[PDB]
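Presented below, as structure tokens, is a lone chain in the form deposited without its partner chain.
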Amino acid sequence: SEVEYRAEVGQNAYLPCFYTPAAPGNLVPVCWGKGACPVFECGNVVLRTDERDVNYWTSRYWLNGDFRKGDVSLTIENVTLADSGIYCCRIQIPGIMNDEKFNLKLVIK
């Protein structure tokens, strides 16, 4: 079919997203949301970081990887069937018309 990420109800879901910081400690803000990246900034926002730290999160949504090294992969805890969908991870590279947009398809059964 096409790239997808899978989980059963009650498991954690794992959606990958990565960037390479220009130099260590120099982080780029990231936008995670539910819905494809053409929607608003990154869909219906679930989690955000800035140059310093996580600045916004929704219950059950986590960055448990080394986000200070560019691993901004998402964990969704205790998934239900309502969690299926496209998710947008947007790397907000400083500057205009240069963001990286990743659309991740999650299928729960």
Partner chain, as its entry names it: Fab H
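Residues that one form lacks are left out of the comparison. Residue numbers count along the first chain shown, from 1. Note that the rigid core is defined as the largest set of C-alphas that superpose within 1.5 Å between two forms.
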{"item": "Stretch with the higher entry mean CA B-factor, where the candidates are 70-78 and 45-53", "value": "45-53"}
{"item": "9-17 versus 90-98 - greater average Cα B-factor per the deposited record", "value": "90-98"}
{"item": "Third of the chain's Cα B-factor distribution that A36 belongs to, per the entry", "value": "lowest"}
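Missing here is the form solved in complex with its partner chain; even so, the following discussion is about that form.
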| item | value |
| --- | --- |
| Residue contact check: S84 to its partner chain in the deposited complex, 4.5 Å heavy atom | no |
| Contact flag, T80 vs its partner chain in the deposited complex, heavy atom cut 4.5 Å | no |
| Any non-hydrogen atom of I96 within 4.5 angstroms of its partner chain in the deposited complex | yes |
| Exercise: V72 in contact with its partner chain in the deposited complex, heavy atom 4.5 Å | no |
| Post core alignment: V39 C-alpha displaced by 2 Å or more between the shown form and the other one | yes |
| Closer or farther: C-alpha pair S84/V39 in the deposited complex, relative to this form, given a change of 3 Å or more | farther |
| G10 and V39, C-alpha gap in the deposited complex relative to this structure (3 Å or more) | farther |
| Superposed on the rigid core, segments between the shown form and the other one of at least 3 residues with Cα shifts of 2 Å or more | 38-41 |
